[PDB]
Every structure is written in structure tokens, then in C-alpha cells.
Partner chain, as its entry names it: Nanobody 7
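Just one chain follows, in the form deposited without the partner chain, and it is written as C-alpha cells.
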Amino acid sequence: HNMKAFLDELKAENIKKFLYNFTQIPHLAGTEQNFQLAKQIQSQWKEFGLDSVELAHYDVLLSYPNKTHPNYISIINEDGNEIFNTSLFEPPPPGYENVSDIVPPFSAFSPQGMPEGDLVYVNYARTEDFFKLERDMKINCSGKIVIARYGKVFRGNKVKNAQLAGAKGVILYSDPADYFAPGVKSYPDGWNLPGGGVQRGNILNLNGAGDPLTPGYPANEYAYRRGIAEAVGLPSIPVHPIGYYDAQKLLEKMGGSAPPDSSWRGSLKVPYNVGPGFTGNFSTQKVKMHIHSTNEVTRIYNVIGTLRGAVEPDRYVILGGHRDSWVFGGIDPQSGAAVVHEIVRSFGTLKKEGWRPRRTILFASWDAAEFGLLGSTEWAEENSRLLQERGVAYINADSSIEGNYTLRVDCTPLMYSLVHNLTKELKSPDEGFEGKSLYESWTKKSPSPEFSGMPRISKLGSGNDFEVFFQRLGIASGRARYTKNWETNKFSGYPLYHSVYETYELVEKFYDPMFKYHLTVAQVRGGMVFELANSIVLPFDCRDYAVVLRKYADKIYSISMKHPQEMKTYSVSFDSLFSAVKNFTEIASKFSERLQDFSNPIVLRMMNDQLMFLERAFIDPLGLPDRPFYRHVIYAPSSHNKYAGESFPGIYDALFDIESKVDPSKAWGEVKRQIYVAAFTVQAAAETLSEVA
């Protein structure tokens, strides 16, 4: 019973069977079908051999369309006649045209409204897109309906940006530029998005809060709930998503200003005029939204499985991923959930033969991730004290594949060495790399920008269920999946994301017919869990944090140095931060020497506790400015794009667009404050690795 036994037990055919089983009907959060799937998973995890498997339920704010009053958008003439209406549903794929309970496309948590007005096209609705409109083009979005293409940033940030620009509504659409790869056919013939396809997704700005009504505390049976007016993260203006057939109709009549440059033009046969409003002949026509969705407190269910550790049962290694889907969840999340299911099965086979991991492994099937990471966050709020003092690591397990090209890993620097070592042990599934390691194929296909002979590993961003564990609680986190070639494919994500077309057949026909990429991902996620739960010394290398901290310090200093006059005027010095990073580097090096130079289980566990609490040391209990649930001082989700990670976020946000601030003395004062907080936190984290007494 070693890692090889665990790995060898994983089977592609099992992952295939589980994926098929999980994707025959929709599993929307808060629905009966998703409760039944939770009960099935609970039963199977018990069968598979886990020590305990429970459901943890919460009552959280969810959002659904009104089944008898559908959402749609119109072009309306001056008489009030609706002369064009957007679709009421996506044409269902072959053999699913009789499937019931497919939720039609909608933006979850949109308020109700029927706003009428003139359109302004805002490109991707990024911060810089709105800068270009108001500052350079002098276009006023106030009282306008904005139309934005999906892509580049999280859609909740688009909506926040549109609100702040004074928009009265937002229309989101999928442009073929961003969702249709040249030379591939539309579903069901290929993996591209058809013109009737639409991307569902929530538009909250929760900043880590979890259920909008219960920030800080689990939404249990006696929870006190905020009123809707005080809820966290809800949009103030109606929002609705459409496909590119419907978008073309809305965009084709657009007048006003030309697009400012080619980066504003998608691939539709329209001019991409910014507006406001339509060209001369249609100038009296307007666009009207009709949104009737309702927010409702609804029960959700996480499944929590425990495999008790033999030696350190009070140390938890957690493998978690969500179960709820927008429709069938063929990739998101069931390609991930099928992998977790097979990993549980494999650990359980070893357990039945008398083996136990050194540390406790917790397995989680989270609910309501699509509605704002609600299930993972409520459970972590409930269990924060246990997780704070006992949580070794969290490995996420959403979608296993978004392409068939190479591995994609995002994780804390503490797991870099673990990932390098594990992938050197695993077989590459790639064509042309038979008999070579996964490390070799991954490194060849995705080279590190910094280091020759090393693969790319990214920072954690957000938009997935590791957020509460990593940026709120400070537990070392990672994730891994298979991805496309991010060089020859300028579309980002996979085209059928959050559409009805994301099915079992999509995966089996077009992504991974042999389930070998799924198997490789199971080996990586499972292998990481195995090493974290079984290695005598925790498999974290603090020296890797020292390297990245210096990179991040150089980066933030370089941003500040675009303003040398102000740094002179306000005596803005990064000396303290570089000093702290130098100290961290020195102390980490000495700790590493002791770790290899120390029979003594107290010294071991003392050292294991130092390793475990190192990620924890980057937590500031006061949080980042106006984002109390983003507490990690090194990493936070970008304030402009929840999906992307930002390093030294407190300093970064203090410097962002600083030349536009009215009171530079105050603005640079806050930069200095954030430098002090970051330097202090880095030094304090370093000192947790010093000799204890």
C-alpha cells in the first residue's frame, strides 16, 4: 500500500461510467434532482469504504427564472410594438429535446425590471473599456442599456462596472470571436458554440462572502438573515445573456461613434459601433428588457466524506469540488466530480485492505457553487475553527478538462515542488510523448516564463470553491486540469461553457473519448492528496514562497516606479518590503536545513505545524480594504476580474489609476500604509519559521 497502489487502482473506464451517470438530467442547485444526486453520492461513498459520509445542508439565497413569465429582450418601435424578441430557450441538443427542467438562459441574481432605452456597446465591459468610453470617447452610459461581450473577465465585474457607469441594464452575449474556434463545427457536430447557445452564470460581487444574507456565519436553521436591501453582492440593474444570433440583431442597427480600434470588434458582420442608439432610420427604436427572475432562500446540500487518519487524525487534507450544474454539467462540474468519485473509490479499496492514510482525508461534493461558491463557503464558515487549526491543504476538483493539449496547474508556491515531483512520476497521456513523463510533456508544451526546463504554474485566482479555504482561511490550496493550447486558440475557457450543449456526448465525442486525460487529472489530483495525507514531513517547500515573494515585490515596485516624482514627494519607499522578503528568504533557507537535519515526533510535528501554519501566516485578520473576506495579504482575486489572482493586492489596488485621484497626498499615504502592512505580514510569516524558542 503506497502511492503506486493508489494510482494503479484508478480506471479511465470508471470515470467514464460515473460521468455518464452524473449527466443524464440537470442538477441545478436547490432542485430535487440535485438533492437526489447528493443522496446517491453519499450512499456510494459509504459503499466505497469511507468512515462517515454526511450531508451538511444550509438555506441560502438562490435565483431562478419565473416559469410562467419568461425573460427576454425586445427591440421596440416608437408605437411600443416589440418587433424583435430574443429566444426563450436554447434549442436542446439531439435526444434531449424532451428533457424537462432545463433552466432557460438567465443571469442569476438579476433584479426584476423592464428598462427601455438606447444601447451602448462597451466591448468586454472591463475597467479599461469604461475608461476608454468616458475619458477618451466622452460617451456617457448614464441611463443607457449596455451591451457587452462575454470574455476576458468575470461577468460579475462587468455588471459592477456597468452599474458604476450609470447603466440601467446589461445585456451579455457570446461573440464568435471569443467562443467559436476557426475551422471547428458547432455542437452537435463539433465543440463550438452555435448561434442559439447561451452562457448562464451568476452576476454577484460577493468578494468571498458566501450566502448574500449571512456573511460571516453559516446559513443554518436559526441564522439571522439580512434583509434583501442589505444583502451582499446583489446587482442593482437587470441583466440577461443571449447568443450571437440574437446579438447580431441587437448590434446590426447600432449608430453613434465608430469602435475606437480593432480590439473592440468581434467577428459578427456588424460595425461594432459604440452608440448610443441606432442609426438614423431606426433612431426612434429602443431596446427593452423583461426580467422577472426571483431570489429565493433555498436548501442546498454538501456531501462530506471522512477517511480517518491512522497517526494524525486531527490533520485534514481536503479534496473538494462541486456537484450542482447549470444544466447537464458534462464538463462543469461532472468531469471533475466523476474524477473525485473514482479517487474516493480507490482510497476506499486500500482502506478495505487495512490501509489508512497518515492524516485524515475529507472529501466534499459542494452544492450551489454556480450561485457564488455558496456550499463550500457556508460549510467553511460553520467549520472555520476546525479548518483554521487543523487544515493542511485543499485540492479543488471542478472540471477535469477544458481541452486535450496539456496540464494546467494553479496553486500556492508551497505546492510547486510536490507538483514537479509528482508529475515526473506520472505517464504522459499525450500523443508523441508515449513513454515520457507528464512533467516532460507539460514542460515542453507550457514552459515557465522564468525558468528553463520548468513548467508554468499560475497563481490561484478565484471563481471556484478553493476561495474560502485559500483567501479567507489561509489553507494551502491547489488545482489541476487538462487545457487547450493557449497560443493557437484565442477564445479562452471552452466554447460550450454553461450552455445546454455541455453534455456527456460533448466530452466522449470531442474531448476525451478514451478518458485518458480524465485519468491523468485523477492521478494528479489524487496523487497530490495522497502525498499531502501520507508523507511523514508535509510536502511543502517554504523556499518556493521566498522566490515568488521577490518576484511579486519587484513587480509592485515597478508599478510604483511609473510615478517617480510622487515617490520622491511623498517619500514612498519599498525598502521595508524588500527587507522582509530578504529575511523570509534567509529564514526559510535555515528552516529547510533543520527540516532535513532533524527519530523525534514532536520536532517533526512541531516542524509539520510550522509548515502547515506558514500559509496561515499570510492571513490578516482585518482583511483587505472593504473586502473583509479576502484576508490573504499576498494573493487576492483581482478587484477588476474575480477569476484572476493579483499579488500584493492591497498595494496593487492602492496604486491602481492613482494619477486620477483628486488628493494625491492621501492616495500615496494609502500606498505607504499598504507597503507597511505587506512588509509586516511577510516578516511575521518568516518569523513563524524561526526556531520556536
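Positions refer to the first chain, counted from 1.
A second form of this protein, the form solved in complex with the partner chain, is not displayed here; the remarks below concern that form.
J.: Please pick out the stretch from 107 to 115, 148 to 156, 258 to 266, 546 to 554 that is in contact with the partner chain in the deposited complex, where contact means heavy atoms within 4.5 Å.
T.: Stretch 546 to 554 is the one.
J.: Please run the contact check for residue 480 against the partner chain in the deposited complex: heavy atoms, 4.5 angstroms, yes or no?
T.: No, residue 480 sits far enough from the partner chain in the deposited complex that none of its heavy atoms falls within 4.5 Å.
J.: How about residue 578: is it within 4.5 Å of the partner chain in the deposited complex, going by heavy atoms?
T.: Residue 578: yes, in contact with the partner chain in the deposited complex.
J.: Since only the chain is shown here, I'm wondering whether residue 436 would be in contact with the partner chain in the deposited complex (any heavy atom pair within 4.5 Å).
T.: Contact with the partner chain, no.
J.: Check whether residue 138 has any heavy atom within 4.5 Å of a heavy atom of the partner chain in the deposited complex, and answer yes or no.
T.: Taking the distances in the deposited complex, the answer for residue 138 is no, it never comes within 4.5 Å of the partner chain.
J.: Which of these residues, 593, 586, 425, 450, gets a heavy atom within 4.5 Å of the partner chain in the deposited complex?
T.: Comparing distances to the partner chain in the deposited complex, the residue within 4.5 Å is 450.
J.: Pick from 177, 514, 561, 164: which residue has any heavy atom within 4.5 angstroms of the partner chain in the deposited complex?
T.: Filtering the options by heavy-atom distance leaves 561.
J.: Could you run down 654 to 669 and flag each residue that has a heavy atom within 4.5 Å of the partner chain in the deposited complex?
T.: Read in sequence order, the lone residue that approaches the partner chain (within 4.5 Å, in the deposited complex) is 659.
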